Q: 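The following block contains the structure, expressed as structure tokens.
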Amino acid sequence: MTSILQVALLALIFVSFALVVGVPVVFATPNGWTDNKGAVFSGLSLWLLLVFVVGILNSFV
Amino acid sequence: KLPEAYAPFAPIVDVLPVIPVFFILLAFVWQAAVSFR
Amino acid sequence: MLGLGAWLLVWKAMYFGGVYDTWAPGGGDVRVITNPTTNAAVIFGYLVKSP
Amino acid sequence: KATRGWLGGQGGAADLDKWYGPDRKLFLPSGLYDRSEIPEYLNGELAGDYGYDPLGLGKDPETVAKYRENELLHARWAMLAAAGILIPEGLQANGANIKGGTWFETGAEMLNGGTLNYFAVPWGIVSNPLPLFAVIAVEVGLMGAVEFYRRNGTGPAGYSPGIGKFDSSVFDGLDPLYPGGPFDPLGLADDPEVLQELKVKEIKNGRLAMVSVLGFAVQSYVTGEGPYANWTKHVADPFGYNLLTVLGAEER
Amino acid sequence: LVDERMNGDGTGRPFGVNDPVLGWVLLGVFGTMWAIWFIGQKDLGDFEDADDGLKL
Amino acid sequence: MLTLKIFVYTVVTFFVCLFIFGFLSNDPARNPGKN
Amino acid sequence: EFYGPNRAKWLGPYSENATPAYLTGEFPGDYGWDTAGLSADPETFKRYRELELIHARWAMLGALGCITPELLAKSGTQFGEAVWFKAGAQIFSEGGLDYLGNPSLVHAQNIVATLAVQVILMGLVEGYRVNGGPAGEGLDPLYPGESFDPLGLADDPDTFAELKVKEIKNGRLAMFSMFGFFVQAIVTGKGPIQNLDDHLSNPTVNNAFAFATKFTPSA
Amino acid sequence: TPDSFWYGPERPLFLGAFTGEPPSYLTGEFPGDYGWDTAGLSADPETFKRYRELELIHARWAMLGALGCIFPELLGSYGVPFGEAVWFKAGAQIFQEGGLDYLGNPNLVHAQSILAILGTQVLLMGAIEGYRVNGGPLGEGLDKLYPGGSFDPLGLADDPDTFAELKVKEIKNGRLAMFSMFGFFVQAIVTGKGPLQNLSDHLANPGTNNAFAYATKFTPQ
Ligand code: CHL
Ligand code: CHL
Ligand SMILES: CCCCCCCCCCCCCCCCCC(=O)OC[C@H](CO[C@@H]1O[C@H](CO[C@H]2O[C@H](CO)[C@H](O)[C@H](O)[C@H]2O)[C@H](O)[C@H](O)[C@H]1O)OC(=O)CCCCCCCCCCCCCCCCC
Ligand code: CLA
Ligand SMILES: CC1=C[C@H](O)CC(C)(C)[C@H]1/C=C/C(C)=C/C=C/C(C)=C/C=C/C=C(C)/C=C/C=C(C)/C=C/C1=C(C)C[C@H](O)CC1(C)C
Ligand SMILES: CC1=C(/C=C/C(C)=C/C=C/C(C)=C/C=C/C=C(C)/C=C/C=C(C)/C=C/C2=C(C)CCCC2(C)C)C(C)(C)CCC1
Ligand SMILES: CCCCCCCCCCCCO[C@H]1O[C@H](CO)[C@@H](O[C@H]2O[C@H](CO)[C@@H](O)[C@H](O)[C@H]2O)[C@H](O)[C@H]1O
């Protein structure tokens, strides 16, 4: 299946754009990494999940 | 070309090599934002 | 890490499909390098050779 | 007991400050998981405590200790399982006459003709003339007592099960999960601080085997081969024999 | 043939030696001057402990 | 020609070994700046 | 008996003036045999008892391991090379060194690998025997018994002193038999069980005097 | 004993850390004391003096011997026309037709009679081996092992800190050369070639030209 791979890869681009902007903002704000810790962990664990989804979906094409 | 399950993403790929030129420019923006301290 | 990285090239040439040999008989293609040259007079002969 | 160093000087249990207390290793490093976000019931009192409970399944140190009853048995069975799955497949693939060393078809290999072959390495190989009816009969009997010997707490008085002491008595005040009296023929439990460090090695070897036997069952269901066959074929051809070459194999 | 050559223009000899006396020139002159440096090493400082270089 | 080659290899290796063992003979301490 | 002055001797009854003074009978195997006087210094006599017992414990492992590959070959186990002075060369064989007969077993091919593994492993456990290691630190240099007597046989020190004599007398026989095996291989050229089988076949002719003219210098 | 790192109680020993306490008579006093007397052969402190003055003479002959066995085969590989460049065949040069030529040169020494060589050697060695025992022209009352004087013309034994250091270098160079000269003996008996030929044969293929090539060589029958 091809179309769910392209949706999952578009989603990988938006999540990566959320990390390329957001993660340096969360880091270098004062006391921002303690407050926004679980957001970035949910962002990284989604980003890492989306990479292994697209790689497994590439096997089905 | 790319594999055809990824060829719609080929517009993003043409922008990807020039990105480390923007990383040396970002060090000048960050130092301009702290006024070159 | 550089030593184990240099064994990645040896494992890929000896075991993991081989590498491209342009001097292969029959034209250049991918050749598993079954007999790599471990002779120290040949290996360290390049290093002391003139440039 | 006096424990000179394995290679050089003084050895034994150097520091248990990596495994117990506030200072100890965790499941995330200290810039991602500080010492205030550890749950209050996970303290440095159990071996292998990394502060790992994101799904709140632990409640208090008495519920954690009764799941520790479940964790350490699941550890010690999966460790015997992990050696019992790789080794007979490894011997059969290298030349032993096991006929069923692959783990997921050993049961159907011995159905009506019987005679599941057994390899007493290195003493050669022996046929096993026990029918499948007896294997169902002996196992439920011989191990239903042992799982009752851990409930009732009272072993048989006579010591005949491969004992290094021959102390024909019962011992009932022993620690659950750690009956170190008759179950230490080699000893290795006299110094309680190196015993507290060996039970860190016991649960980590256990948690490594529980993940691996889970890895056995999944990758045998997917690939259709045993884990020794998955191991020697991924080492033979890594990029061409992966998870990702196995999935989607029906198209080319 | 017509003249006399040394015949080592593209032969790839180790350090460009083809008479074995040339290798003993290399080891003799290195060995003579290693030995002068070694005997004269008592005037260079005994940098024996660990923090004993030109460091920063 | 071989007499010339032996002579040049004595000469060149004399000066190369002056170079190498000169920097091994405590060059970084030959500064005027004290520490 | 076996200790004190009123013990067994190396000449038996004709040994009352034969034994020296320092061989009292407080060490096992002391039948009073120091005819060349090598062990007169008690510091060296301490060293030679360590040299004797470690030689005894390597010869007992030797004399059992130079025999059981040749018995099982008479029972039908194929080894490649079952005779002990040919069993080293079977690692250069075409299938390597299978342990009894199974290629599912050790299946060693590289002699430099199994030697370098041995130098690392034996270099540690012979070092553990000297200074101490994981099984003990300050025990007897010849009789550790903490981890090396798991079955409790180093109890009752009266009968434990008997076990030291049973150790060395089994051990001295094995050393006398390993000196056998070496010479009965150089002279004969066949295995020691093969040396046993033809002396049991014909004791008259199949002895060591049938090979007495082997080492004659004929020039 | 000084604080010379090779002497006294905290000295390097022959099993490193696994050696334990050395024997009580090996107090770190004399050079090359790695505490290796496991046979107890030198427990007597008078035999231990004899074995010290027997080790070092063996060491000084084997250091000359190991240099003396490599050097005619090293030059023999480089075109010097020796009769036999190999060391264990170098005796038979007296038995060939032209005799024994030093450096393969016919108008150097040109020995023809082996009985003249041995008759000269017994007279000359017997004079100087006895000088090593007592007296002599180059020194009369000196040390038995380290006489100095005429046998230290460069003065390299003046500083006793340096002299106790160089005695450690002498015995370790000597024990290495005795252990290597024993290698010359065994690997000429076993292989049959020169030690520089055994080296270059090993360097051409170390996997096959090791000592296990000749492991079945002395097999009976
Ligand atoms: C901690 C590791 C360590 C180990 C294991 C050793 C071990 C040894 N050191 Mg020591 N050292 C070590 C640390 C250090 N040493 C030294 C300094 C020295 C010196 C100066 C010397 C030693 C020597 C020795 C040897 C002394 C006893 C002996 O000969 O063994 C006897 C037993 C063996 C050699 C085993 C045999 C090896 C092999 C497996 C057998 C091969 C089998 C053949 C195929 C059989 C032959 C077939 C037949 C038919 C011919 C031994 C190999 C001495 C030496 O080299 O003598 C040889 C020596 O002179 N060591 C230093 C610097 C302080 C160390 C630093 O830590
Ligand atoms: C350092 C002492 C010394 C040693 C080790 C040798 C060794 C040898 N000489 Mg020799 N020589 C020595 C001194 C002298 N030689 C000679 C004159 C000759 C002649 C004319 C000939 C020899 C030959 C030989 C070789 C016989 C071949 C052989 O037996 O193979 C087996 C042995 C080995 C391969 C080496 C093993 C050496 C040895 C067994 C161990 C060394 C320890 C000794 C037991 C110590 C003995 C020395 C004593 C006397 C102090 C043998 C390697 C013959 C030859 O070259 O044949 C090819 C020969 O024709 N020698 C003179 C002048 C008189 C010597 C003066 O001291
Ligand atoms: C075709 C072939 C072409 C030729 C081959 C080409 C390739 C060659 C590459 C070979 C590798 C070269 C690497 C050399 C590294 C040298 C580094 C160094 O600066 O090395 C420095 C060290 C210094 O060592 C230490 O030096 C110290 C100096 O002490 C002195 O000073 C001390 C206080 O400082 C004390 O006072 C003490 O008493 C006093 O002696 C101590 O003595 C220590 O014991 C000692 O370990 O040297 C050492 O470790 C040993 C150094 C290595 C050995 C050098 C051998 C040289 C050649 C010998 C053969 C010559 C042949 C002559 C032929 C004649 C006939 C023609
Ligand atoms: C050269 C690289 C390098 C080095 C020396 C360090 C060193 C350290 N890091 Mg940093 N880190 C690195 C790379 C590196 N890191 C990278 C690439 C990442 C992104 C994943 C991080 C993310 C990271 C975090 C988020 C934290 C640290 C922390 C730490 C500290 C120790 C805890 C630890 O093991 O890290 C944890 C990292 C891992 C467990 C990753 C697994 C590494 C294992 C060893 C496998 C390695 C595989 C292989 C050998 C390397 C890749 C091969 C090839 C691709 C090059 C230590 C100072 C902690 C710290 O400073 O606390 C205050 C901390 O909180 N690191
Ligand atoms: C310590 C100890 C301790 C414990 O306790 C006990 C024990 C073990 C017993 C001990 C040990 C010991 C040992 C090791 C020994 C060894 C030795 C040696 C080897 C020597 C050599 C030794 C050796 C030597 C001298 C040698 C020498 C040599 C020489 C001179 C040579 C000569 C020559 C030459 C030039 C050349 C020609 O062409 C020939 C010839 C003629 C040949
Ligand atoms: C992979 C990918 C991605 C990522 C990307 C990235 C990583 C990016 C980055 C980017 C960047 C990182 C950018 C940057 C930029 C910067 C800039 C653009 C700047 C400029 C500047 C200028 C122009 C100016 C300068 C100056 C100053 C200010 C001072 C000095 C002087 C001057 C004037 C020069 C994403 C997610 C999308 C997804 C898809 C794919
Ligand atoms: C910073 C870290 C960076 C690490 C990056 C590592 C990148 C390595 C890139 C190599 C990937 C090549 O992998 C590739 O190998 C084989 C060659 O086609 C393929 O596998 C298969 O393909 C071909 C036929 O289908 C055959 O010639 C191969 O024998 C077969 O194994 C794999 O399907 C493919 O995945």
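Naming convention: chains lettered A, B, ... in sequence-line order (proteins, then strands); numbering from 1 in each chain. Start at 1 and go down the list; that is how both ligands and their atoms are numbered.
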Q: Show the protein residues that qualify under the rule heavy atom under 4.0 Å from an atom of ligand 4, listing them in chain and number order.
A: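 Residue list for ligand 4: D/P29, D/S30, D/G31, D/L32.
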Q: Between NE2 of G/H55 and CE of G/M178, what distance do you get to the nearest 0.5 Å?
A: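 Separation between the atoms: 11.0 Å.
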Q: Could you go through the side chain to side chain contact (heavy atoms under 4.5 Å, CB included) check for D/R24 and D/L26 one step at a time?
A: CA-CA 6 Å; D/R24 58 180 172 175; D/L26 300 174; 3.9 Å; yes
Q: Are the side chains of H/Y7 and H/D33 in touch, meaning some heavy atoms are under 4.5 Å apart?
A: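 They are not in contact (no side-chain heavy atoms under 4.5 Å apart), so the answer is no.
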Q: With a 4.0 Å cut-off on N to O distance, would you call H/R132 and H/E129 a salt bridge?
A: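 Answer for the salt bridge query: yes.
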Q: Tell me every residue that passes side-chain contact (heavy atoms from CB on, under 4.5 Å) with H/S180, counting only those two or more places apart in sequence or in another chain.
A: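 Only H/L176 meet the side-chain contact (heavy atoms from CB on, under 4.5 Å) criterion with H/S180.
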Q: For G/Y22 and G/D34, which I'm curious about, is there any donor-acceptor pair between the side chains at under 3.5 Å?
A: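 Yes, because at least one side-chain N or O of G/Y22 sits under 3.5 Å from a partner of the opposite role on G/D34.
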Q: Would you please indicate yes or no on a ring centroid separation below 6.0 angstrom for D/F27 and D/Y52?
A: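 When the ring centroids of D/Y52 and D/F27 are compared, they turn out to be within the sub-6.0 Å range.
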Q: In sequence, state the C-alpha distance, the side-chain angles, and the governing distance for D/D237 and D/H234, and then conclude on side chain to side chain contact (heavy atoms under 4.5 Å, CB included).
A: CA-CA 5 Å; D/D237 189 68; D/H234 179 70; over 6 Å; no
Q: Show the short N or O contacts, below 3.5 Å, that ligand 5 makes with protein N or O atoms; if there are none, say 'none'.
A:
from	atom 1	to	atom 2	distance (Å)
ligand 5	5 (O)	H/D37	OD1	3.3
ligand 5	5 (O)	H/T38	N	3.0
ligand 5	5 (O)	H/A39	N	3.0
ligand 5	38 (O)	H/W87	O	2.8

Q: Could G/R49 and G/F45 be counted as a cation-pi pair, given that NZ or CZ must be under 6.0 Å from the ring centre and within 45° of the axis?
A: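 Output yes; distance and angle both within limits.
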Q: With a 4.0 Å cut-off, would you call H/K49 and H/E53 a salt bridge?
A: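 No, this pair does not count.
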Q: Any carboxylate oxygen within less than 4.0 angstrom of a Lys/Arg side-chain nitrogen, looking at D/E37 and A/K37?
A: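 Here D/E37 does not pair with A/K37 in a salt bridge, since their nearest N and O are not under 4.0 Å apart.
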Q: For a quick check: using heavy atoms under 4.0 Å, what are the residues in contact with ligand 6, sorted by chain and number?
A: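 Under the 4.0 Å cut-off, ligand 6 touches A/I13, A/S16, A/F17, A/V20, B/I12, B/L16, B/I19, B/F22, B/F23, B/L25, B/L26, B/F28, B/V29, B/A32, B/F36.
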Q: Relative to each other, are the rings of H/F185 and H/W87 parallel, tilted or perpendicular (30° and 60° limits)?
A: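 Rings of H/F185 and H/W87: tilted, 30 to 60°.
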Q: Can a cation-pi geometry be assigned to H/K167 and H/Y146, taking NZ or CZ under 6.0 Å from the six-membered ring centre and within 45° of the ring axis?
A: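 Pair H/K167/H/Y146 counts as cation-pi.
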